[PDB]
């Protein structure tokens, strides 16, 4: 079955009534008829007992995301941040190191700096490229972390070669696939990534409504080489990793996704491939039409022939994707543009509305200047997350704003 097919069918429960959709299990606990039945659900983890460990509505969304990313197993949690955090928490010990791409989401850098520091972990930031990664490896490296498309630098890493290196070094390649849109734009596991994390808040939801995140992994022998699975590997084989994300992330840290949120995210997936296709058509149109404009200092879009991302885009992404950036030259010209444009400015991505933001003063404002510049963030840069609006209507609004 094709992605569009799986997206409306995968994960639908076998409802006793024939229900064509997903009931919302907004219930905290599940009862049992005897001491023994209770004892067996607690011992084996089968059946339900309490919603913080698992819930049938979240399970449907896991099964659908599993089908769409082509994974072994998915675990959903309260947000994208919670998923990045739970995945790393399940991998790492005090004294470990991570080798992380430089271009990362500002809260991933914040989480790495302020929380993984507390778990005793050090991070080395590098260009997400095999040789730079190689030369950062040490005896203590336990994970290589990159994003499918750097945001906002819009660089696409060579995933397959990074996965071969990670596999050869005995470490996990963890890919933040937030920009790959739950597999609709990219499926990093298919190229050899061991773990994907992502914010479902973005493209998967599609409506800038509620928060969710996911961790997914693939069948691999890697986890045999992590001591925490030697104290699970025998019992669970490659499922030992997602079971520990579950245990640590949900049972213990309690980062549980509401079944109301699971239900909305489950439905947003039904149109993700259609939406991402439309946004990316429009983004390529806007890229082509705006790149030669005199007031546009630089336009980055991975599907432009001469773009730096175009090589790796053509291999890993289904299209040029839904994001582009403009450099207006400086703060002053960005300001006038954003003040003039009759489109929303907000810090979200993958909404059905086209959204513009100034990373230097918002998404990346909690970082020092050097760190902004290293992430491809400059004072002229404006990021555009393209929505579902008519491409001619959008171009007219851009043109008009540029007149200001």
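Positions refer to the first chain, counted from 1.
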Per the record, the count of deposited residues between residue 231 and residue 232 that have no coordinates is 4 to 9
Looking only at C-alpha temperature factors in the entry, 252 to 260 or 86 to 94, the higher average sits in 86 to 94
Per the PDB entry, mean CA B-factor is higher for 199 to 207 or 315 to 323, namely for 315 to 323
Note to self: of 352, 68, 338, 26, the C-alpha temperature factor tops out at 338
One of 73, 270, 332, 176 has the largest Cα B-factor in the entry, namely 332
Of the three thirds of the chain ranked by Cα temperature factor, residue 345 occupies the middle
Residue 62: CA B-factor among chain residues, third -> lowest
The third of the chain into which the C-alpha temperature factor of residue 226 falls is the highest
Assert third(CA B-factor, residue 81) within chain per record equals lowest
Split the chain's modelled residues into thirds by Cα B-factor; residue 183 lands in the lowest
